[PDB]
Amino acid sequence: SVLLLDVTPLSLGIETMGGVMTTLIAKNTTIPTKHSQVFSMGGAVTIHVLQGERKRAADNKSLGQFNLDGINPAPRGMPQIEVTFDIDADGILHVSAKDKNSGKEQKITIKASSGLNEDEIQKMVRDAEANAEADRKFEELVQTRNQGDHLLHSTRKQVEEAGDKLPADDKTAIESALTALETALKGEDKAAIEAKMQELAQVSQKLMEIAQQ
């Protein structure tokens, strides 16, 4: 037999740190559907809803945005922002974000008029194909930078919490390694960032022990 199915024409997701589009609902997903993912917080909780197949947020269609105000980082630095995308039978997309630490929640109903039209959808698919390698390289460097940035700031935090408990020779080694990582993060060499991350870890075993205590 033959039939008409209702599926999403393009991936749907949110902007994440570094200007990346992170997908919540894959392209060509059957509706109604419902997907959620928990995110770590990195400053202001802004939920910027995106439609498209590109890895750069700026290259996708903005469907709307909202803030989740007055949120404090969860204990032990655990991921706390639960984002839910729900598409009903009528094809209406609803996006919500909840702070699992306070219970604070905000939601938006996306307007159909915010989405790309048929011709724009075809162009989007073509543009994603034509720039697949560049998009991958972009995302991979952002991912690596976000990892290294997190290690950089986390380690600096542990150094302060350790205080005089951290021996002078360890402190000197860690400080030098932090500077090397910071420098690598400003560059575009992913392997160099990974190397400097590992070198910092290697001089952090006493730091790890103190934090564990």
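Residue indices: 1-based, along the sequence shown.
- For the two regions 22-30 and 172-180, the entry's Cα B-factors average higher over 172-180.
- For the two regions 139-147 and 91-99, the entry's Cα B-factors average higher over 91-99.
- Going by the entry's values, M78 shows the largest Cα B-factor out of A132, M78, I81, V125.
- Per the deposited record, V45 carries the highest C-alpha B-factor of all listed residues (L152, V49, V38, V45).
- In this PDB entry, the Cα temperature factor of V2 sits in the bottom third of its chain's modelled residues, the lowest group.
- For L68, the recorded CA B-factor ranks within the highest third of the chain. Only modelled residues enter the ranking.
- Per the deposited record, the Cα B-factor of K55 falls in the lowest third when ranked against the other modelled residues of its chain.
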